[PDB]
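Just the one chain here, laid out as structure tokens, in the form deposited in one PDB entry.
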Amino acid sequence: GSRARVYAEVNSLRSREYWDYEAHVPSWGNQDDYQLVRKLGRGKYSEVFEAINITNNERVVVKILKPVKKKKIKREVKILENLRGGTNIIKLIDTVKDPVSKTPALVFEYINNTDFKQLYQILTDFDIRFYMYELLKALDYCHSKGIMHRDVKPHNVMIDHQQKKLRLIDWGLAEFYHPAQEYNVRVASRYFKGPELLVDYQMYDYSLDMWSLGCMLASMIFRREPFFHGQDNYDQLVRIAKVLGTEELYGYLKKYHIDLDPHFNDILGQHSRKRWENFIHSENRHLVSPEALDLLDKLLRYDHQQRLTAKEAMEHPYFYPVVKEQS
């Protein structure tokens, strides 16, 4: 079967307690120290608030969890505690419970983010390189810690464009990578799902996040957000195949012995692989360079095992201007 080219055995080389999140026993502090100020968002299993820690007057974010999902709560807590101190990973400050109802909540550092729909319209060439480099640091870190994020998308990459701070958030879908483990493919936002998920290939790895990152890079340099805009999960693969080509898709499926849902027969059609230069026009030409296209071409590949790792991406010439400035 398939396995990760990097970090494959990292969890098996650690203590079982590192990855055995079902056995994790969080230390639950008291939510009464936090005053909710404003609702920021809501999801299937959580609600998120700006809040003040009344004991030190610090602004924080509080994510209240539906208490029923106990295994999933332990998973997210253990992952966040394993990632503590990681570069550009949102900092978990506290794990707390309502002292009466025992409903759990996660307390995070606050970040004053610029909404990505507004931000992505004004980014410069250097800004894209800079923020992509910072996001890659977060993914290289979590991958090196044996963790797949599985929900990389603009909404989960919080950017304070005034202070130049980036944090990868929402670790509620993240999982530990173990070689040969078969994972649930119902992860990531539709537009950021790797082809492996869309063809029901369960033996995926950290390289899933690299597809999602490539999708973000393409949306930022080309100013088409989201870049692959499917109407459902079937159409999502069609949108990908329109660009990467159908014959290349079939070679991928053959290599991994992947059976294709026969509903694809009536919708995939026949598509050449397109040159990435086809996406350039006057509105995006200043964000596109040969080095951007070379990097993107090495991320948005069907074959998950041939996509760049986060580290290989960081090492690409596209980021040399950022590395030099950070000197």
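For the two forms, the rigid core is made up of the largest set of C-alpha atoms that agree within 1.5 Å on superposition. Don't overthink the numbering: it's just position in the shown sequence, from 1.
Below, we turn to the form deposited in another entry, even though it does not appear here.
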Position that moves between the shown form and the other one after core superposition, taken from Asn184, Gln163, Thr103, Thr114, with Cα shift of 2 Å or more: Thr103
Per-residue C-alpha change between the shown form and the other one, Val68, threshold 2 Å, rigid core fit: yes
Per-residue C-alpha change between the shown form and the other one, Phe279, threshold 2 Å, rigid core fit: no
Per-residue C-alpha change between the shown form and the other one, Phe264, threshold 2 Å, rigid core fit: no
